[PDB]
């Protein structure tokens, strides 16, 4: 049950990412990592199979071990994607999103202070959308970015996936 033919929708999501990066010195510094965040998205449906959406997401590193040492991590990004779906039932859609994202990571260190980073990256998602009612739908989605990137020195990697639950309102 995708949104009706030339209509708009909006929504919000809560996300979790199990590690969107990772650090190290021989010698270990943190123990493992968790990021939690949220995001908002809006889109336009063209027909039952295709829509286009815009979203903004934010992720924050969650505080959890000591052993001296580390600090704050925040990521944010605006994305523009084409959403391709197929109706499995009258209520359940399966879809993928493909497009691009402009992001920014802001770090912090006690030694080094504040640092930032910027990027442009392809984004991909696979998910399920369930129409509770004709105006309210929930989504279960896994989003990933594959990373290649221009820079430094020479590129290697690790951005990882984000899992999320969302709700959206359809202005039919």
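Positions refer to the first chain, counted from 1.
The deposited model assigns a higher average Cα B-factor to 114-122 than to the other stretch when 50-58 and 114-122 are compared. Judged by mean Cα B factor in the deposited record, 67-75 ranks above the other of 90-98 and 67-75. In this structure the maximum Cα B-factor among 142, 41, 130, 108 is found at 108. You'll see in the entry that, of 153, 164, 22, 156, the Cα B factor peaks at 22.
Annotation for residue 45: CA B-factor lies in the middle third of the chain's modelled residues.
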